[PDB]
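Peer 1: Please see the structure below; I have some questions.
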Amino acid sequence: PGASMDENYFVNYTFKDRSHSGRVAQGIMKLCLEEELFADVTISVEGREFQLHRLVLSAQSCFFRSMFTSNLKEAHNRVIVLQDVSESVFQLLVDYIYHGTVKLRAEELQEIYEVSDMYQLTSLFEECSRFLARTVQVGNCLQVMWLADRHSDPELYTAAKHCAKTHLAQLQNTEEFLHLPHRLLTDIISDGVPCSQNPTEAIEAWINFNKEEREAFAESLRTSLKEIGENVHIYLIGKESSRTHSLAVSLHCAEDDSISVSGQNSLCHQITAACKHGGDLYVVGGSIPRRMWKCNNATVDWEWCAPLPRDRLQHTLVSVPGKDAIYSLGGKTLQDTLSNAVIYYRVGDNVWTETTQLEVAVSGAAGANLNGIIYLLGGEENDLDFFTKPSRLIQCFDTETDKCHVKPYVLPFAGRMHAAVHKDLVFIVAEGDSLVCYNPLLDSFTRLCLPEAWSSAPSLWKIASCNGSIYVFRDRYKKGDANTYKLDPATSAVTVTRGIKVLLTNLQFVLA
Amino acid sequence: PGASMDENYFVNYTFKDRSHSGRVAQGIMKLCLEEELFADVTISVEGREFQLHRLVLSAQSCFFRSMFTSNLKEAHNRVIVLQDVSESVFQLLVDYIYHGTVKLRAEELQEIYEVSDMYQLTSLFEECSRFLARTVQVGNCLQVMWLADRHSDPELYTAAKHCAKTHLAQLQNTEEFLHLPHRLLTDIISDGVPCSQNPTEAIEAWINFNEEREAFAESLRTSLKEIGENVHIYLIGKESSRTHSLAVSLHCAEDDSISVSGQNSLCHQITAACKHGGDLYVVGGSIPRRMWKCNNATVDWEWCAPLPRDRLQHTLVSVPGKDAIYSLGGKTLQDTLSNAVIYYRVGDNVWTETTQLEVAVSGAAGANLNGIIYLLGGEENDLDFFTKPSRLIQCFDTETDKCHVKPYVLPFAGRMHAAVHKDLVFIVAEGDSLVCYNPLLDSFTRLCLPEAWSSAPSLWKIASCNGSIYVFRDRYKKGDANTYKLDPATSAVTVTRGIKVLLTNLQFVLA
């Protein structure tokens with residue numbers, strides 16, 4: 007305020023209180039939401055009589071705002087009937103509107119997606135969309151795709167597209183694929199079908215349904231049939247100690263969930279840290295200065311890349327496709343000093359730079375690359391007495407605006423955990439059998455601990471995610487077969503899957 | 007956080023978004039306060055018929071909540087009628103329950119005082135009571151007193167007593183005084199009525215009334232305590248004849264019978280001065296650390312402990328809260344500026360230094376309010392050697408010691424003088440630019456005084472006492488003295504009696 011001759015405090019000024027939001031907005035939280043006292047309309051769903059306010063409904067769902075505001079000849083009654091929603095689904099909806107904690111079931115999940123879009127709740131619809139982006143299986147990604155192009159939700163129509171494009175071979179015989187309109191089929195094929203699924207045969211088998219008139223589209227479909235070559239899934243790099251070598255094998259999952267070896271490339275120098283970027287290794291090791299060797303599935307010959315500045319051991323190498331970069335967060339120097347120097351290697355130009363340092367230095371952490379944010383889980387850190395105490399810190403170093411955003415909560419455990427990104431979640435495996443299902447968006451931990459029957463020894467469990475099903479691996483086994491389990495997160499059922507016959511499983515190693 | 011295995015993130019969930027504060031709290035303010043909609047209950051005040059929401063009325067009030075809740079034939083009709091409320095006052099309550107701006111005037115201020123207390127409105131009964139504690143003149147010092155002792159408000163009953171016991175002599179002739187209840191008269195007498203107002207005669211008025220009220224003979228006499236008046240204006244100024252600085256003391260009276268008081272004398276020069284209680288603390292001389300404490304009629308200049316950190320042209324304020332003489336800011340002779348504080352006590356004589364300020368300032372003015380110390384105006388220099396005036400206001404907390412700048416600036420800057428008055432902090436700059444401060448409302452107020460009076464630019468000093476602003480003009484061209492009274496209700500500058508002060512210089516004026 008600068009002036010006004012009329013505002014004279016002794017006769018006439020103008021009151022201006024700054025507590026009109028801390029007493030009216032925050033004030034109306036017990037009279038409306040918690041303790042419903044004054045209710046206006048009675049929405050009726052099936053054979054029920056709900057008592058819902060006319061105020062809080064129009065502040066969230068704009069569709070309800072149009073039905074209440076637009077007074078007409080039918081607005082004289084306070085009983086409003088609904089038709090689309092069921093009796094046991096509207097209650098879940100009215101539980102979200104008032105409180106904000108709706109328990110999302112499994113079977114009644116496609117029903118809180120169709121009705122949550124007509125009411126235009128832009129917060130539940132953006133969460134039921136993420137639910138359908140991670141529960142998609144090989145037999146379900148043909149109705150979900152049809153369910154995403156009708157509501158115009160590109161965050162699901164693309165997440166449910168990389169299920170019928172990487173598994174088109176099995177879908178060939180299915181009766182749902184035969185009725186697929188030409189509009190959707192020109193997107194599944196054009197998205198880069200892998201060669202192993204026979205993309206050129208699905209088109210031919212599909213057009214034989216209505217050859218009387220469907221032959222016109224046959225020529226156009228074969229024009230856009232971009233096929234991407236087959237990659238190898240897990241770069242299991244075996245660090246044998248009996249023989250000075252490193253059998254960097256490349257496991258290749260089959261169609262029926264069977265892993266087979268596809269290369270026995272070897273190196274003589276020691277290994278400090280390893281990372282895979284797309285389809286190639288970028289292992290780090292050797293005597294000083296810290297070198298880098300890059301391998302490939304088909305090359306079967308190690309190349310050479312730009313030397314590592316700031317040589318150190320126990321890195322936390324991560325790799326992103328949303329960023330042609332390979333970071334080197336954390337690590338401790340040769341003099342047992344926990345340093346923090348995030349590096350910004352690029353594959354296009356073999357040159358190193360430096361970026362914003364971490365808030366807290368960690369060594370031997372876990373590298374998770376969920377979304378475009380690099381997550382550092384676990385590790386070790388010395389608090390006061392020069393002694394490395396196993397810490398539990400979740401750092402969130404970014405890649406767009408480089409800054410550290412340490413979360414205000416800690417992990418259930420600590421140590422030398424190994425992470426493996428799966429869909430939106432980030433699975434974690436501790437020094438034992440305590441597999442957690444940490445979610446970076448909801449900030450919750452749902453540890454689905456396996457039965458302690460197979461816990462004879464405190465052996466670390468390596469975890470790898472490939473083809474939409476994580477394969478929790480096993481270290482050196484007591485004179486037997488490696489426990490290459492195939493844990494199914496949906497059912498928490500662990501199944502022993504063999505097919506790998508290697509001699510490096512007798513000793514510890516690194517993974518990718 | 008955490009969970010257990012009944013929360014399988016593939017088929018189970020507990021989705022809980024911590025964002026029901028911008029979609030249910032912000033989405034309701036614009037649907038109820040700003041854009042009034044979905045009205046259900048109609049309030050039928052006399053003459054008119056308003057429409058109000060059931061959720062906003064019961065969220066700020068309590069009488070309005072315990073009345074809609076009880077449906078004992080009080081909410082089913084929905085044509086409910088309110089009584090003992092005028093048409094105009096209720097419209098200003100809708101303006102307050104809703105968006106939150108009120109236009110409190112003087113015509114309707116007692117009706118909104120009682121009505122806002124009947125409806126249990128909490129925040130409105132903290133500025134409508136501050137208003138009454140701000141405009142109690144002698145003529146209505148008793149209609150407000152009895153109003154205060156009906157709703158149990160100590161912020162007004164203890165503020166309508168300091169302004170109703172000093173003017174006890176004039177209230178004696180008033181008819182309302184003779185009808186005083188026995189309880190009210192007891193408290194106003196036993197608070198230190200000045201000896202010049204004849205406290206003994208006040209009881210004699212009831213004695214000479216002519218029964219039932221005449222039985223009080225020994226009562227109300229043992230509880231009377233008389234103290235001489237000692238709060239007045241201290242004036243500092245050197246005569247043109249000699250360098251002997253004078254400290255003439257004058258006191259204001261309601262009868263305008265100014266009597267010549269003792270003329271205090273002093274030898275050295277003055278750097279700064281403070282007014283605490285009924286004594287004057289003078290700093291200055293050849294060495295700035297000299298503390299020559301003076302008084303009314305003791306002619307004593309006892310030298311106290313010197314200041315450990317010597318400063319020149321600093322600010323002295325008295326916050327009785329801790330019987331302290333806090334010396335905030337200052338100037339250092341070693342090509343730098345001081346930021347320390349030294350509060351010389353009376354029975355302790357301590358030199359403690361607390362936390363410094365946030366923005367450097369020197370040669371400013373200070374005014375104390377309810378313990379909180381405000382530093383306003385002054386000058387600040389920079390490494391660029393630029394004489395940039397400072398328009399930043401500083402607050403010195405009395406409880407948390409959290410000095411911080413305010414998100415605004417004064418309308419002007421330079422060398423100013425400040426003197427509190429009721430709940431306001433008046434500001435006078437170089438010219439006719441009166442500005443009234445208000446820490447609670449965080450707002451200002453000017454008067455737009457024309458410059459036709461200040462022909463020559465000269466410093467103006469302001470002193471406030473007995474609820475009447477006094478403004479003193481400095482450096483007149485050998486003419487009549489200027490003791491303009493600045494009654495802030497309406498601009499009523501009148502020259503008072505021409506006392507022969509004969510001081511053509513004004514160093515400091517303290518009230």
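Protein chains in written order, with PDB author numbering: chain A, 7 to 518; chain B, 7 to 216, 218 to 518. Just so you know, even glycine gets a beta-carbon here, dropped at the ideal spot from N, CA and C.
By DSSP, does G244/B sit in helix, in strand, or in coil?
Peer 2: Three-state DSSP puts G244/B in a strand.
Peer 1: Do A331/B and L383/B have their C-beta atoms within less than 8 Å of each other?
Peer 2: No, they are not a contact pair.
Peer 1: Mind listing the chain A neighbours of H105/B? Cutoff is C-beta to C-beta under 9 Å, in chain order.
Peer 2: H26
Peer 1: Would you report the Cα separation of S475/B and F69/B, rounded to the nearest angstrom?
Peer 2: Whole-angstrom Cα-Cα distance: 40 Å.
Peer 1: How would you write the range of the alpha helix (DSSP H) that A470/A sits in, first residue to last?
Peer 2: From DSSP, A470/A is part of no alpha helix (DSSP H) but of the beta strand (DSSP E) over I469 to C472.
Peer 1: Going by DSSP, what residue range makes up the alpha helix (DSSP H) through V357/A?
Peer 2: Where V357/A is concerned, there is no enclosing alpha helix (DSSP H), given that its DSSP letter is neither H nor E.
Peer 1: Closer than 9 Å, Cβ to Cβ, to anything on chain A: give me those residues from the region 82–105 of chain B, in chain order.
Peer 2: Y102, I103, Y104 and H105
Peer 1: Just verifying my parser: in three-state terms, what is the DSSP assignment at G328/B?
Peer 2: helix
Peer 1: Among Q143/B, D263/B and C274/B, which one has its Cα closest to the Cα of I243/B?
Peer 2: The residue with the shortest Cα to Cα distance from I243/B is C274/B.
Peer 1: Using three-state DSSP, classify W310/B as helix, strand or coil.
Peer 2: strand
Peer 1: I49/B touches chain A at which residues, Cβ-Cβ below 7 Å?
Peer 2: Residues of chain A passing the Cβ test: none, with the nearest at roughly 15 Å.
Peer 1: For a contact meaning CB atoms closer than 7 Å, what does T501/B contact in chain A?
Peer 2: Residues of chain A passing the Cβ test: none, with the nearest at roughly 18 Å.
Peer 1: Smallest Cα separation from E93/A: which of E55/A, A81/A, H59/A and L257/A?
Peer 2: Among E55/A, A81/A, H59/A and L257/A, the Cα nearest to that of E93/A is on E55/A.
Peer 1: Hey, would you say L493/A sits closer than 8 Å to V502/A, going by beta carbons?
Peer 2: no
Peer 1: Give a yes or no on whether 8 Å exceeds the smallest Cβ distance from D449/A to chain B.
Peer 2: yes
Peer 1: Please confirm whether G328/A and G378/A have their CB atoms less than 8 Å apart.
Peer 2: yes
Peer 1: Output the distance between the C-alpha atoms of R24/A and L148/B, rounded to the nearest integer angstrom.
Peer 2: 33 Å
Peer 1: Helix or strand or just coil, what does DSSP make of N179/B?
Peer 2: helix
Peer 1: With a threshold of 8 Å between beta carbons, is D46/B in contact with chain A?
Peer 2: For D46/B, the answer is yes, since a Cβ of chain A falls inside 8 Å of its Cβ.
Peer 1: Express the C-alpha separation of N445/B and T20/A in angstroms, rounding to a whole number.
Peer 2: 12 Å
Peer 1: Whole angstroms are fine: how far does the CA of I434/A sit from the CA of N303/A?
Peer 2: 28 Å
Peer 1: Please look up how many angstroms separate the CB atoms of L127/B and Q66/B, rounded, as I've assumed it's under 8 Å.
Peer 2: 7 Å
Peer 1: From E120/B to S272/B, what distance separates their C-alpha atoms?
Peer 2: 54 Å
Peer 1: So with Cβ pairs under 8 Å, would you call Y415/A a contact of chain B?
Peer 2: yes
Peer 1: Compare the Cα-Cα distances from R189/A to each of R156/A, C169/A and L174/A and report the closest residue.
Peer 2: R156/A
Peer 1: Under 8 Å, do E207/B and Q178/B count as touching if we go by C-beta distance?
Peer 2: yes
Peer 1: Against chain B, with Cβ distances strictly below 8 Å, would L466/A count as a contact?
Peer 2: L466/A does not count as touching chain B.
Peer 1: State the DSSP-derived secondary structure class of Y333/B, mapped to helix, strand or coil.
Peer 2: In this structure, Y333/B counts as coil in the three-state DSSP scheme.
Peer 1: Leaving out five residues before and five after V412/B in sequence, what residues of the same chain have Cβ atoms less than 8 Å from its Cβ?
Peer 2: Its chain contains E365, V366, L399, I400 and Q401 as the residues whose beta carbon lies nearer than 8 Å to that of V412/B, once the 5 sequence neighbours on both sides are disregarded; these appear in chain order.
Peer 1: For a quick check, are the C-beta atoms of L61/A and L37/B less than 8 Å apart?
Peer 2: Cβ distance < 8 Å, so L61/A and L37/B count as in contact.
Peer 1: Does the beta carbon of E386/A come closer than 8 Å to any beta carbon on chain B?
Peer 2: no
Peer 1: Just to check my reading of the structure: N489/B and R482/B have Cβ atoms closer than 8 Å, yes? What is that Cβ distance to the nearest angstrom?
Peer 2: Their Cβ separation, rounded to whole angstroms, is 11 Å, which puts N489/B and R482/B out of contact at 8 Å.
Peer 1: Rounded to the nearest angstrom, what separates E360/B and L186/B at their Cα positions?
Peer 2: 51 Å
Peer 1: Between the Cα of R29/B and the Cα atoms of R29/A, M35/A and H26/A, which residue gives the shortest distance?
Peer 2: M35/A
Peer 1: Would you decide whether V306/B is buried or exposed? Buried here means 16 or more other CB atoms lie within 10 Å of its CB.
Peer 2: exposed
Peer 1: If you draw a straight line from the alpha carbon of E13/A to that of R136/B, how long is it in whole angstroms?
Peer 2: 16 Å
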